[PDB]
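Novice: Here you go, upload33.tsv (TSV, C-alpha atoms):
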```
chain	number	residue	atom	x	y	z
A	4	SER	CA	-171.61	65.53	14.62
A	5	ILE	CA	-168.59	63.91	12.93
A	6	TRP	CA	-167.47	67.55	12.76
A	7	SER	CA	-167.01	67.54	16.56
A	8	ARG	CA	-164.12	65.11	15.93
A	9	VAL	CA	-162.24	67.80	14.02
A	10	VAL	CA	-160.37	70.09	16.48
A	11	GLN	CA	-157.52	72.66	16.37
A	12	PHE	CA	-154.12	71.12	17.01
A	13	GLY	CA	-150.69	72.73	16.84
A	14	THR	CA	-150.59	74.90	13.70
A	15	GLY	CA	-153.36	72.95	11.96
A	16	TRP	CA	-156.10	70.43	12.81
A	17	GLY	CA	-156.51	66.85	13.93
A	18	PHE	CA	-159.22	64.19	13.93
A	19	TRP	CA	-160.61	61.81	16.55
A	20	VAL	CA	-160.90	58.41	14.85
A	21	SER	CA	-162.15	57.04	18.19
A	22	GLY	CA	-162.17	58.01	21.85
A	23	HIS	CA	-158.58	56.75	22.10
A	24	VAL	CA	-157.19	57.59	18.64
A	25	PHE	CA	-156.23	61.08	17.40
A	26	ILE	CA	-154.62	61.64	13.95
A	27	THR	CA	-153.10	64.78	12.41
A	28	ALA	CA	-150.57	66.09	9.91
A	29	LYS	CA	-147.12	65.65	11.43
A	30	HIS	CA	-145.93	69.08	10.25
A	31	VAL	CA	-148.61	70.96	12.29
A	32	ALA	CA	-148.28	68.97	15.50
A	33	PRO	CA	-146.84	70.41	18.74
A	34	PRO	CA	-143.26	69.35	19.56
A	35	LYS	CA	-142.69	65.78	20.73
A	36	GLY	CA	-142.93	65.92	24.52
A	37	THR	CA	-145.80	68.41	24.69
A	38	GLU	CA	-148.74	67.85	27.02
A	39	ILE	CA	-151.89	67.41	24.94
A	40	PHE	CA	-155.55	67.37	26.02
A	41	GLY	CA	-154.35	67.41	29.62
A	42	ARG	CA	-152.34	64.26	29.01
A	43	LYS	CA	-148.62	63.67	29.56
A	44	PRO	CA	-146.25	61.59	27.41
A	45	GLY	CA	-146.59	58.11	28.92
A	46	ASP	CA	-150.39	58.41	28.94
A	47	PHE	CA	-150.23	58.14	25.16
A	48	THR	CA	-148.07	56.68	22.42
A	49	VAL	CA	-147.20	58.38	19.14
A	50	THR	CA	-146.71	56.67	15.78
A	51	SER	CA	-145.70	58.34	12.48
A	52	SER	CA	-145.31	57.55	8.77
A	53	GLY	CA	-144.44	60.40	6.40
A	54	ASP	CA	-146.62	63.32	7.36
A	55	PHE	CA	-149.15	61.07	9.13
A	56	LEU	CA	-149.06	61.44	12.94
A	57	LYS	CA	-151.16	59.19	15.21
A	58	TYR	CA	-151.76	59.46	18.98
A	59	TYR	CA	-153.03	56.46	20.95
A	60	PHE	CA	-154.29	57.24	24.48
A	61	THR	CA	-154.49	54.46	27.06
A	62	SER	CA	-157.54	56.03	28.71
A	63	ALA	CA	-160.23	57.44	26.41
A	64	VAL	CA	-160.10	61.23	25.88
A	65	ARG	CA	-163.41	61.60	23.99
A	66	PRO	CA	-165.74	59.02	25.55
A	67	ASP	CA	-168.71	60.45	23.60
A	68	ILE	CA	-167.71	58.93	20.22
A	69	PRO	CA	-167.71	55.52	18.45
A	70	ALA	CA	-164.64	54.11	16.66
A	71	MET	CA	-164.62	54.98	12.95
A	72	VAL	CA	-162.73	52.78	10.51
A	73	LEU	CA	-159.33	54.10	9.45
A	74	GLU	CA	-158.14	52.91	6.02
A	75	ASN	CA	-154.89	53.53	4.20
A	76	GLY	CA	-156.22	55.84	1.45
A	77	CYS	CA	-159.03	54.64	-0.83
A	78	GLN	CA	-159.74	53.32	-4.35
A	79	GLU	CA	-158.98	55.74	-7.21
A	80	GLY	CA	-162.04	57.61	-8.44
A	81	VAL	CA	-163.76	57.53	-5.04
A	82	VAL	CA	-165.29	60.94	-4.26
A	83	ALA	CA	-164.25	61.73	-0.67
A	84	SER	CA	-164.87	64.75	1.53
A	85	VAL	CA	-162.21	66.94	3.10
A	86	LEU	CA	-163.74	68.08	6.41
A	87	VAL	CA	-162.20	71.58	6.50
A	88	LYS	CA	-162.62	73.71	9.62
A	89	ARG	CA	-161.62	77.37	9.76
A	90	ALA	CA	-160.62	79.23	12.98
A	91	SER	CA	-163.96	81.07	12.83
A	92	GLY	CA	-165.58	77.65	13.36
A	93	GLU	CA	-166.85	77.54	9.78
A	94	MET	CA	-167.17	74.04	8.29
A	95	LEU	CA	-166.38	73.34	4.65
A	96	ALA	CA	-167.01	69.85	3.26
A	97	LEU	CA	-164.73	69.86	0.20
A	98	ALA	CA	-165.53	67.19	-2.43
A	99	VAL	CA	-162.39	65.56	-3.76
A	100	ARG	CA	-161.94	62.84	-6.39
A	101	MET	CA	-159.17	60.69	-4.93
A	102	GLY	CA	-156.33	59.90	-7.32
A	103	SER	CA	-152.99	58.13	-7.37
A	104	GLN	CA	-149.78	58.41	-5.31
A	105	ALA	CA	-147.44	61.44	-5.52
A	106	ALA	CA	-144.73	63.10	-3.44
A	107	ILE	CA	-144.30	66.72	-2.41
A	108	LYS	CA	-141.77	68.69	-0.39
A	109	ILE	CA	-143.13	69.65	3.04
A	110	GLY	CA	-140.68	71.64	5.15
A	111	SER	CA	-137.39	69.83	5.71
A	112	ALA	CA	-138.07	66.84	3.42
A	113	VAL	CA	-140.23	64.93	0.94
A	114	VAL	CA	-143.33	63.03	2.04
A	115	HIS	CA	-145.54	60.73	0.02
A	116	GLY	CA	-149.37	60.66	-0.09
A	117	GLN	CA	-152.59	60.15	-2.11
A	118	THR	CA	-153.34	63.04	-4.50
A	119	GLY	CA	-156.87	64.20	-5.04
A	120	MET	CA	-158.80	66.57	-7.27
A	121	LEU	CA	-160.90	69.31	-5.66
A	122	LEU	CA	-164.31	69.15	-7.29
A	123	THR	CA	-166.38	72.23	-8.11
A	124	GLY	CA	-170.19	72.15	-8.29
A	133	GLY	CA	-160.47	75.56	-1.95
A	134	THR	CA	-158.02	74.81	0.88
A	135	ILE	CA	-155.62	77.22	2.60
A	136	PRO	CA	-152.32	76.32	4.40
A	137	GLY	CA	-153.81	76.34	7.94
A	138	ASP	CA	-156.20	73.53	6.88
A	139	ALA	CA	-153.52	70.82	7.32
A	140	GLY	CA	-154.56	67.88	9.52
A	141	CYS	CA	-158.22	67.93	8.51
A	142	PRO	CA	-159.63	64.44	7.73
A	143	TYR	CA	-160.52	62.99	4.32
A	144	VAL	CA	-163.62	60.87	4.77
A	145	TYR	CA	-166.09	58.94	2.66
A	146	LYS	CA	-169.26	56.96	3.26
A	147	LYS	CA	-168.68	53.28	2.52
A	148	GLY	CA	-172.26	52.13	2.05
A	149	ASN	CA	-173.60	52.81	5.55
A	150	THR	CA	-170.29	53.56	7.29
A	151	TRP	CA	-168.19	56.70	7.44
A	152	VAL	CA	-164.53	55.86	6.93
A	153	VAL	CA	-161.48	58.07	7.41
A	154	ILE	CA	-158.74	57.64	4.77
A	155	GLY	CA	-156.15	60.30	5.65
A	156	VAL	CA	-155.24	63.82	6.74
A	157	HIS	CA	-154.81	66.96	4.62
A	158	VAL	CA	-151.13	67.72	3.96
A	159	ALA	CA	-151.03	70.36	1.23
A	160	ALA	CA	-152.56	71.95	-1.85
A	161	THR	CA	-150.79	72.85	-5.12
A	164	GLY	CA	-153.71	74.69	-9.12
A	165	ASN	CA	-156.55	72.35	-8.01
A	166	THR	CA	-154.55	69.36	-6.60
A	167	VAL	CA	-154.51	68.31	-2.91
A	168	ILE	CA	-152.40	65.68	-1.09
A	169	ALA	CA	-153.54	63.48	1.83
A	170	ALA	CA	-151.13	61.66	4.15
A	171	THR	CA	-152.22	58.05	4.76
A	172	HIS	CA	-151.62	55.19	7.23
A	173	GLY	CA	-152.87	51.72	8.22
A	174	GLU	CA	-152.29	48.01	7.69
A	175	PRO	CA	-155.01	46.42	5.54
A	176	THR	CA	-156.89	43.59	7.31
A	177	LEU	CA	-156.31	41.04	4.52
A	178	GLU	CA	-152.78	39.75	3.79
A	179	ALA	CA	-151.50	38.38	0.46
```
In structure tokens, how does this file's structure come out?

Specialist:
Amino acid sequence: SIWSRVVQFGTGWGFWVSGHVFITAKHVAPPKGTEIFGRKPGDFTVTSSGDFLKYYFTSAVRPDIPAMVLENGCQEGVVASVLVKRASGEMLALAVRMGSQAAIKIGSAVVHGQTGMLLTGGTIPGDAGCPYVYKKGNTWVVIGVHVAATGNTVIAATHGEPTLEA
């Protein structure tokens, strides 16, 4: 069901956080100016940080879904899931122990994101944009989008202002 929020997008995948909010890896997204989901620029606004790309649509695109919480990464040691879809429609929930912050070259330049360790009981380059999620008690929470793999290590791009200020 949460899997219906994961859809193909550009050269990778993206994730519906809510009916109005779509997130993806910037490096797989269609060019700025492209019509998406039958919507023209103007009907949506685009924000980016590093390899994190976020679309906000004025009118809901997926009215069938509730808003999920979007956090800026998670605590170290948290075991999250990478919701990997393949073009065949296959669904692979990859367990990942979230780690600390690293950088990596992605195309033109260097982005920064939260590393993670793929747990065995991996990813391929067309998996970029798939969501990292975890259950916080009763609530599913999205913490970022898949950017790249390494040798066991994955990187997630993150985004979001924490509710509480210092």

Novice: Do a neighbour search on segment 96-113 of chain A at 10 Å with all atoms listed in the file, toss out local chain neighbours closer than 3 positions, and write the hits as a PyMOL selection string.

Specialist: chain A and resi 6+30+53-54+76-88+116-124+133-134+143-145+158-161+165-169

Novice: Would you list the contacts of residue 60 of chain A as an mmCIF file with C-alpha atoms, keeping the file's coordinate frame, taking every protein, DNA or RNA residue within 8 Å and counting all atoms listed in the file, but skipping same-chain residues closer than 2 positions in sequence?

Specialist:
```cif
data_model
loop_
_atom_site.group_PDB
_atom_site.id
_atom_site.type_symbol
_atom_site.label_atom_id
_atom_site.label_comp_id
_atom_site.auth_asym_id
_atom_site.auth_seq_id
_atom_site.Cartn_x
_atom_site.Cartn_y
_atom_site.Cartn_z
ATOM 1 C CA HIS A 23 -158.580 56.750 22.100
ATOM 2 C CA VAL A 24 -157.190 57.590 18.640
ATOM 3 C CA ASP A 46 -150.390 58.410 28.940
ATOM 4 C CA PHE A 47 -150.230 58.140 25.160
ATOM 5 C CA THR A 48 -148.070 56.680 22.420
ATOM 6 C CA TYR A 58 -151.760 59.460 18.980
ATOM 7 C CA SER A 62 -157.540 56.030 28.710
ATOM 8 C CA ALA A 63 -160.230 57.440 26.410
ATOM 9 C CA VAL A 64 -160.100 61.230 25.880
#
```

Novice: Record the distance separating atom CA of residue 16 of chain A and atom CA of residue 146 of chain A, expressed in Å with one decimal.

Specialist: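 Rounded to one decimal, the two atoms are 21.1 Å apart.
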
Novice: Which is closer to residue 72 of chain A than all the others in A:5, A:20, A:170, A:179, using all atoms listed in the file?

Specialist: A:20

Novice: Kindly give the distance, in Å, that separates atom CA of residue 138 of chain A and atom CA of residue 56 of chain A, rounded to a single decimal.

Specialist: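 Computing the Euclidean distance for atom CA of residue 138 of chain A and atom CA of residue 56 of chain A yields 15.3 Å.
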
Novice: Would you compute the distance between atom CA of residue 74 of chain A and atom CA of residue 17 of chain A? Give it in Å to one decimal.

Specialist: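 Spanning atom CA of residue 74 of chain A to atom CA of residue 17 of chain A is a straight-line distance of 16.1 Å.
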
Novice: Kindly indicate which residue among A:90, A:9, A:178, A:172 lies nearest to residue 137 of chain A, using only C-alpha atoms for the distances.

Specialist: A:90

Novice: Pick out the closest residue to residue 157 of chain A from this set: A:28, A:70, A:94, A:114. Count only C-alpha atoms.

Specialist: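 Ranked by minimum distance to residue 157 of chain A, first place goes to A:28.
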
Novice: Let me make sure I understand: among A:91, A:4, A:11, A:75, which one has the smallest atom-to-atom distance to residue 33 of chain A if we use all atoms listed in the file?

Specialist: A:11

Novice: Would you mind completing segment 47-79 of chain A to N, CA and C atoms and writing the output as an mmCIF file, keeping the file's coordinate frame?

Specialist:
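Written output follows (result37.cif):
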```
data_model
loop_
_atom_site.group_PDB
_atom_site.id
_atom_site.type_symbol
_atom_site.label_atom_id
_atom_site.label_comp_id
_atom_site.auth_asym_id
_atom_site.auth_seq_id
_atom_site.Cartn_x
_atom_site.Cartn_y
_atom_site.Cartn_z
ATOM 1 N N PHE A 47 -149.936 58.368 26.565
ATOM 2 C CA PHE A 47 -150.230 58.140 25.160
ATOM 3 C C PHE A 47 -148.971 57.748 24.397
ATOM 4 N N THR A 48 -149.167 57.018 23.304
ATOM 5 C CA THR A 48 -148.070 56.680 22.420
ATOM 6 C C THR A 48 -148.295 57.300 21.049
ATOM 7 N N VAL A 49 -147.185 57.676 20.418
ATOM 8 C CA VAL A 49 -147.200 58.380 19.140
ATOM 9 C C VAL A 49 -146.573 57.519 18.047
ATOM 10 N N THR A 50 -147.300 57.304 16.953
ATOM 11 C CA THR A 50 -146.710 56.670 15.780
ATOM 12 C C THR A 50 -146.761 57.600 14.556
ATOM 13 N N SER A 51 -145.756 57.506 13.681
ATOM 14 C CA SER A 51 -145.700 58.340 12.480
ATOM 15 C C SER A 51 -145.233 57.597 11.225
ATOM 16 N N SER A 52 -145.800 57.980 10.081
ATOM 17 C CA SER A 52 -145.310 57.550 8.770
ATOM 18 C C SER A 52 -145.497 58.700 7.785
ATOM 19 N N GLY A 53 -144.386 59.247 7.285
ATOM 20 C CA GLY A 53 -144.440 60.400 6.400
ATOM 21 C C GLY A 53 -144.978 61.581 7.174
ATOM 22 N N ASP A 54 -146.029 62.200 6.659
ATOM 23 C CA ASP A 54 -146.620 63.320 7.360
ATOM 24 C C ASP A 54 -147.868 62.900 8.156
ATOM 25 N N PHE A 55 -148.040 61.591 8.327
ATOM 26 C CA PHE A 55 -149.150 61.070 9.130
ATOM 27 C C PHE A 55 -148.736 60.820 10.584
ATOM 28 N N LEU A 56 -149.368 61.546 11.510
ATOM 29 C CA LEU A 56 -149.060 61.440 12.940
ATOM 30 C C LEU A 56 -150.258 60.918 13.728
ATOM 31 N N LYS A 57 -150.057 59.831 14.474
ATOM 32 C CA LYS A 57 -151.160 59.190 15.210
ATOM 33 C C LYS A 57 -150.917 59.022 16.716
ATOM 34 N N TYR A 58 -151.829 59.573 17.524
ATOM 35 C CA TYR A 58 -151.760 59.460 18.980
ATOM 36 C C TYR A 58 -152.706 58.383 19.509
ATOM 37 N N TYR A 59 -152.182 57.447 20.299
ATOM 38 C CA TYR A 59 -153.030 56.460 20.950
ATOM 39 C C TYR A 59 -153.022 56.685 22.464
ATOM 40 N N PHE A 60 -154.185 57.004 23.034
ATOM 41 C CA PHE A 60 -154.290 57.240 24.480
ATOM 42 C C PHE A 60 -154.783 56.014 25.214
ATOM 43 N N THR A 61 -154.059 55.612 26.256
ATOM 44 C CA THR A 61 -154.490 54.460 27.060
ATOM 45 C C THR A 61 -155.915 54.628 27.603
ATOM 46 N N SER A 62 -156.178 55.735 28.281
ATOM 47 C CA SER A 62 -157.540 56.030 28.710
ATOM 48 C C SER A 62 -158.213 56.923 27.680
ATOM 49 N N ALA A 63 -159.481 56.648 27.381
ATOM 50 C CA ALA A 63 -160.230 57.440 26.410
ATOM 51 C C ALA A 63 -160.204 58.952 26.731
ATOM 52 N N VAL A 64 -160.039 59.780 25.702
ATOM 53 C CA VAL A 64 -160.100 61.230 25.880
ATOM 54 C C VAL A 64 -161.496 61.765 25.519
ATOM 55 N N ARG A 65 -162.062 61.252 24.428
ATOM 56 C CA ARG A 65 -163.410 61.600 23.990
ATOM 57 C C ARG A 65 -164.296 60.371 24.130
ATOM 58 N N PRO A 66 -164.958 60.232 25.289
ATOM 59 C CA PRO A 66 -165.740 59.020 25.550
ATOM 60 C C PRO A 66 -167.099 59.088 24.860
ATOM 61 N N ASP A 67 -167.428 60.242 24.284
ATOM 62 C CA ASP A 67 -168.710 60.450 23.600
ATOM 63 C C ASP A 67 -168.801 59.910 22.160
ATOM 64 N N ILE A 68 -167.727 59.312 21.639
ATOM 65 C CA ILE A 68 -167.710 58.930 20.220
ATOM 66 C C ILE A 68 -167.362 57.464 19.921
ATOM 67 N N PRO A 69 -168.009 56.896 18.888
ATOM 68 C CA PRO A 69 -167.710 55.520 18.450
ATOM 69 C C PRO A 69 -166.485 55.448 17.524
ATOM 70 N N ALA A 70 -165.754 54.335 17.575
ATOM 71 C CA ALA A 70 -164.640 54.110 16.660
ATOM 72 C C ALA A 70 -165.099 54.168 15.201
ATOM 73 N N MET A 71 -164.398 54.961 14.388
ATOM 74 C CA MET A 71 -164.620 54.980 12.950
ATOM 75 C C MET A 71 -163.520 54.143 12.349
ATOM 76 N N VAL A 72 -163.759 53.573 11.178
ATOM 77 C CA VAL A 72 -162.730 52.780 10.510
ATOM 78 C C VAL A 72 -161.687 53.691 9.888
ATOM 79 N N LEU A 73 -160.418 53.357 10.079
ATOM 80 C CA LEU A 73 -159.330 54.100 9.450
ATOM 81 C C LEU A 73 -158.614 53.249 8.392
ATOM 82 N N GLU A 74 -158.772 53.634 7.127
ATOM 83 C CA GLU A 74 -158.140 52.910 6.020
ATOM 84 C C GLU A 74 -156.955 53.675 5.491
ATOM 85 N N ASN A 75 -156.074 52.952 4.814
ATOM 86 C CA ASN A 75 -154.890 53.530 4.200
ATOM 87 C C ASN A 75 -155.232 54.043 2.785
ATOM 88 N N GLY A 76 -155.741 55.276 2.701
ATOM 89 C CA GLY A 76 -156.220 55.840 1.450
ATOM 90 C C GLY A 76 -157.516 55.170 1.012
ATOM 91 N N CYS A 77 -157.884 55.344 -0.259
ATOM 92 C CA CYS A 77 -159.030 54.640 -0.830
ATOM 93 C C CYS A 77 -158.828 54.323 -2.320
ATOM 94 N N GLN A 78 -159.793 53.622 -2.911
ATOM 95 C CA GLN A 78 -159.740 53.320 -4.350
ATOM 96 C C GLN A 78 -159.681 54.609 -5.169
ATOM 97 N N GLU A 79 -158.976 54.588 -6.296
ATOM 98 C CA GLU A 79 -158.980 55.740 -7.210
ATOM 99 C C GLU A 79 -160.372 55.976 -7.793
#
```
